[PDB]
Amino acid sequence: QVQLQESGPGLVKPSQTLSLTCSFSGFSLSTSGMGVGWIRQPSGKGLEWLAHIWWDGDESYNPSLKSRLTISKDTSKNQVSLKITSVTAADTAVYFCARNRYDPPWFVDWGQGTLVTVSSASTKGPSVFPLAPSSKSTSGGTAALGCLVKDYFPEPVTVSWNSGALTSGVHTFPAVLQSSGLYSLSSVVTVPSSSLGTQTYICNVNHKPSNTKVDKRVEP
Amino acid sequence: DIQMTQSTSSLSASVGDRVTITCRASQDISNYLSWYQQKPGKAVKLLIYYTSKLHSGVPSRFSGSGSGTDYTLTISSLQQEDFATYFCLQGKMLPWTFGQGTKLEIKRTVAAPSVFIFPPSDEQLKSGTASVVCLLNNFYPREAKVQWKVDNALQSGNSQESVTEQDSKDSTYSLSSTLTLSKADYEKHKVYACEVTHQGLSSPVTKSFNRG
């Protein structure tokens, strides 16, 4: 029933202020005992608690982020915000918001998170190339095809197949940082060779930071 | 400041196994401990709160025990959907602190990868760059060796690898390897091969193509 969603700028320059918002439904932050917390996770690392705010406005902060955090709430808008001053590459992480009722907090519901990259580098849209299925993949068996999403910054890029109608056998690989400082990824799908053929395969690419959208038809 | 520790960083366990995940607090936390499950690409979920209380909607195979400093999360009979990173959290004193996390992998039967080679598209070549892609599809265990051969010459330093998280449907992994070289260097050679070494293969499998 309860839903939480984090939102942020995605890319922030070093020394600037990062602003994050947690938008929720299914509960009220005016309900006695209610609280909302912020937790972060740097790539390949664990969970770190950052801040918390109660229904009565009482704020709690992790001293490891000393004098850099400001947690606030707007109960009439079902929103909780987090402000992080003087950001550095050490603040690059996925930011999550979570809710609890009563003390101590049992974080009962969490949002999916928002990725924040702290970098001076400019936003760049990707080029999308088809990975055409081979002439001899497996005649009357399984064929593999995909899309190469190359030279973009920052993360993330959204990849779907046939506007979300094709999910089975899909593998969207985690992006790799190239020597140029730009990301590259491949998204593949294994399908029956007999449908190559008669069924249309389109990869839908959306790089939200640059608003670069590419839908590529992948044919043999 | 309460320090939380999880002695197991990561482990693999078979479906049906009894799994034990420990958490240790630097001082008495008076049962104010909760367990969280982080599945790849999904929101974190609360499993157990106040040491042993089961969160609504969580199956009974998940149980919590402990007192003072030592706590344990038990999965009585592991299911294939249980692969995730498990975190403990203390609520005894501010600042609230988490354990480092325990990554649990599903141990399944060995499966050889299905190997596919993709030449650089005609569209990409029109930009002076050529990317050759090798796909290793649905294999177990995670460990796999990819060797790029250009006109029988072994390549080094010009390739990058990416591995997916464990598959929710069959407990396998998939791997993508990209060989990067200029269009000028791409047109100089004819044979482009991807050699795969994996536990599921009796001998290494090679997938190749002729540019023309």
# chains A, B, ... in the order shown; residues from 1 in each chain; ligands from 1

$ interface_residues --of "chain B" --to "chain A" --cutoff "7 Å" --atoms "only C-alpha atoms" --output "count of residues only"
21

$ residues_around --residues "residue 212 in chain B" --least-positions-apart "2" --cutoff "10 Å" --atoms "only C-alpha atoms" --output "PDB file with C-alpha atoms, in the first residue's frame"
ATOM      1  CA  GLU B 187      40.227  -3.158 -41.296  1.00  0.00           C
ATOM      2  CA  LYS B 190      40.267 -10.677 -40.829  1.00  0.00           C
ATOM      3  CA  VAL B 191      39.705 -13.199 -37.940  1.00  0.00           C
ATOM      4  CA  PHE B 209      33.715 -14.339 -37.637  1.00  0.00           C
ATOM      5  CA  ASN B 210      35.379 -13.223 -40.898  1.00  0.00           C
TER       6      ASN B 210
END

$ select_by_dssp --residues "range 53-174 of chain B" --states "strand (DSSP E)" --output "PyMOL selection string"
chain B and resi 53-54+62-67+70-75+84-90+97-98+102-107+114-118+129-139+145-150+153-154+159-163+173-174

$ residues_around --residues "range 7-21 of chain A" --least-positions-apart "5" --cutoff "7 Å" --atoms "only C-alpha atoms" --output "ChimeraX atom specification"
/A:79-88,114-120,154

$ residues_around --residues "residue 25 in chain A" --least-positions-apart "2" --cutoff "10 Å" --atoms "only C-alpha atoms" --output "list in words"
residues 1, 2, 3, 4, 5, 23, 27, 28, 29, 77, 78 and 79 of chain A

$ residues_around --residues "residue 165 in chain A" --least-positions-apart "3" --cutoff "12 Å" --atoms "only C-alpha atoms" --output "MDAnalysis selection string"
chainID A and resid 160:162 168 170 200:204

$ write_last_selection --atoms "C-alpha atoms" --output "JSON list (two decimals), in the first residue's frame"
[["chain", "number", "residue", "atom", "x", "y", "z"],
["A", 160, "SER", "CA", 13.75, -1.73, -22.48],
["A", 161, "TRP", "CA", 12.76, -4.14, -25.27],
["A", 162, "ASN", "CA", 9.62, -3.65, -27.44],
["A", 168, "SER", "CA", 12.08, -12.83, -20.77],
["A", 170, "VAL", "CA", 16.78, -9.98, -21.50],
["A", 200, "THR", "CA", 10.12, -7.19, -34.59],
["A", 201, "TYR", "CA", 12.82, -6.46, -31.96],
["A", 202, "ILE", "CA", 13.32, -2.85, -30.85],
["A", 203, "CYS", "CA", 15.56, -1.68, -27.99],
["A", 204, "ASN", "CA", 14.23, 1.51, -26.34]]

$ atom_distance --atom1 "CA of residue 153 in chain B" --atom2 "CA of residue 188 in chain B"
13.1 Å

$ select_by_dssp --residues "chain B" --states "alpha helix (DSSP H)" --output "count of residues only"
10

$ residues_around --residues "residue 198 in chain A" --least-positions-apart "6" --cutoff "12 Å" --atoms "only C-alpha atoms" --output "PDB file with N, CA and C atoms, in the first residue's frame"
ATOM      1  N   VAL A 191      16.272 -15.154 -28.098  1.00  0.00           N
ATOM      2  CA  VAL A 191      14.937 -15.442 -28.635  1.00  0.00           C
ATOM      3  C   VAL A 191      14.975 -16.702 -29.535  1.00  0.00           C
ATOM      4  N   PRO A 192      13.826 -17.344 -29.876  1.00  0.00           N
ATOM      5  CA  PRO A 192      13.888 -18.487 -30.802  1.00  0.00           C
ATOM      6  C   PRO A 192      14.281 -18.012 -32.203  1.00  0.00           C
ATOM      7  N   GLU A 219      17.609  -6.227 -36.568  1.00  0.00           N
ATOM      8  CA  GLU A 219      17.230  -7.208 -37.587  1.00  0.00           C
ATOM      9  C   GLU A 219      18.391  -8.089 -38.064  1.00  0.00           C
ATOM     10  N   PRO A 220      18.130  -9.338 -38.533  1.00  0.00           N
ATOM     11  CA  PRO A 220      19.235 -10.167 -39.050  1.00  0.00           C
ATOM     12  C   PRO A 220      19.685  -9.727 -40.441  1.00  0.00           C
TER      13      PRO A 220
END

$ decode --residues "range 96-152 of chain B" --atoms "C-alpha atoms" --output "CSV table (one decimal), in the first residue's frame"
chain,number,residue,atom,x,y,z
B,96,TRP,CA,22.0,4.4,14.0
B,97,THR,CA,24.5,2.0,12.5
B,98,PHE,CA,24.4,-0.9,10.1
B,99,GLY,CA,26.5,-4.1,9.7
B,100,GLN,CA,28.6,-4.3,6.6
B,101,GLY,CA,26.2,-6.7,4.9
B,102,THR,CA,26.3,-10.4,4.0
B,103,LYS,CA,25.9,-11.2,0.3
B,104,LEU,CA,24.1,-14.5,-0.2
B,105,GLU,CA,24.5,-16.3,-3.6
B,106,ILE,CA,22.3,-19.3,-4.6
B,107,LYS,CA,24.5,-22.4,-5.2
B,108,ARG,CA,23.0,-24.3,-8.2
B,109,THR,CA,24.3,-27.0,-10.6
B,110,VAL,CA,27.1,-26.1,-13.0
B,111,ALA,CA,25.8,-24.6,-16.3
B,112,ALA,CA,28.0,-24.0,-19.3
B,113,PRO,CA,27.5,-20.5,-21.0
B,114,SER,CA,25.9,-20.1,-24.5
B,115,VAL,CA,28.5,-18.0,-26.4
B,116,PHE,CA,27.8,-15.4,-29.1
B,117,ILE,CA,30.1,-13.0,-31.0
B,118,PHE,CA,28.9,-9.7,-32.5
B,119,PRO,CA,30.9,-7.8,-35.1
B,120,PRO,CA,30.9,-3.9,-35.0
B,121,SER,CA,27.8,-2.6,-36.7
B,122,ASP,CA,28.1,-0.7,-40.1
B,123,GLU,CA,26.6,2.4,-38.3
B,124,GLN,CA,29.4,2.4,-35.7
B,125,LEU,CA,32.2,2.0,-38.3
B,126,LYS,CA,31.0,5.3,-40.0
B,127,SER,CA,32.4,7.1,-36.8
B,128,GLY,CA,36.1,5.7,-36.8
B,129,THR,CA,35.5,3.3,-33.9
B,130,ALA,CA,34.9,-0.5,-33.8
B,131,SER,CA,33.5,-2.4,-30.8
B,132,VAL,CA,33.4,-6.3,-30.9
B,133,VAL,CA,31.1,-7.9,-28.4
B,134,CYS,CA,31.2,-11.4,-26.8
B,135,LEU,CA,28.2,-12.6,-24.8
B,136,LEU,CA,28.4,-15.5,-22.3
B,137,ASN,CA,24.8,-16.3,-21.6
B,138,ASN,CA,23.3,-17.9,-18.4
B,139,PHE,CA,26.2,-19.8,-16.7
B,140,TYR,CA,27.1,-21.0,-13.2
B,141,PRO,CA,29.5,-20.5,-11.3
B,142,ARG,CA,30.3,-16.7,-11.8
B,143,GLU,CA,34.0,-17.4,-12.7
B,144,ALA,CA,34.7,-17.3,-16.5
B,145,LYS,CA,37.7,-16.5,-18.6
B,146,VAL,CA,37.3,-14.5,-21.9
B,147,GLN,CA,40.3,-14.3,-24.3
B,148,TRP,CA,40.2,-12.2,-27.4
B,149,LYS,CA,42.2,-13.4,-30.5
B,150,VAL,CA,42.8,-11.2,-33.5
B,151,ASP,CA,44.3,-13.1,-36.5
B,152,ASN,CA,45.4,-15.8,-33.9
